[PDB]
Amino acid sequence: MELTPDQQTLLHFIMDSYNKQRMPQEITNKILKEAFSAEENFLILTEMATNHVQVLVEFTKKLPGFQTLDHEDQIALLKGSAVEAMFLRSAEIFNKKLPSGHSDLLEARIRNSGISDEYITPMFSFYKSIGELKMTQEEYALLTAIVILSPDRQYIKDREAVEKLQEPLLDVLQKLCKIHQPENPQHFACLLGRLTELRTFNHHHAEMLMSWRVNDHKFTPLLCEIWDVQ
């Protein structure tokens, strides 16, 4: 049915942590203002991604029960979700309503950022698939939390411990889906289906970055840890 006092408490807590992220407007304003070379964009991307991972560790640490997890499992969850979380966030930013013509220019600018064509079409397919769901800020925050607390992640020693942490969050998202879109009973299923399409970007991220039309692919030491790059 409708959220319990405990669920409402958990939702507002997840929301506050989620909003500690760099504002969508701060990112789209920079892209839309002027066109940049592939070298300038690759640099914008690495700084964007470094800030994202830093803010992600802080959001993750605040997830109920995360700090009670085995420390090696804590790293495995972060390493396993960081790329997925960035693309989900990029999809969110992409689908924010902007003035007439703005989202067409944003799309065109990203399309010519330096990344190869073969990664452009799968990436915009996902962004636009996410857009059709017409997700709320609360749905994005919970889906990110659910992505991080994935028990079926590689190197996870205690899967049941992660299951126990993800289950209450899945219950809240399911309820929000019945509240926000009661005319679409498939909404919760669509969102979870979208998480499988997120997993595909996780396999091609290293290639996606190294295929960028730049002479040198320089990354920060933190990005070399979460991403499989040198």
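The numbering used is simple: start at 1 and walk along the sequence shown. By rigid core we mean the largest C-alpha set that fits within 1.5 Å across both forms.
The rigid core fit leaves 36-44 as the farther-lying stretch in 9 other deposited structures of this protein, judged by Cα positions and set against 36-44 and 62-70. Taking the rigid core as the alignment reference, the C-alpha atoms of 199-207 lie farther on average from the displayed form in 9 other deposited structures of this protein than those of the other stretch among 199-207 and 159-167. Averaged over CA atoms, B-factors in the entry run higher in 183-191 than in the other of 42-50 and 183-191.
As the entry records it, the average C-alpha temperature factor is higher for 96-104, out of 96-104 and 68-76. Highest CA B-factor among 200, 166, 60, 174, as stated in the entry: 200. For the set 56, 162, 170, 35, the PDB entry puts the maximum C-alpha B factor at 35. Looking at the C-alpha B-factors along this chain, the one for residue 87 belongs to the lowest third.
In the PDB entry, a CA B factor belonging to the lowest third of its chain's modelled residues is recorded for residue 222. Sort the modelled residues of the chain by CA B factor and residue 123 lands in the middle third. Ranked against the other modelled residues of its chain, the C-alpha B-factor of residue 133 as given in the entry falls in the highest third. Per the deposited record, the Cα B-factor of residue 15 falls in the lowest third when ranked against the other modelled residues of its chain.
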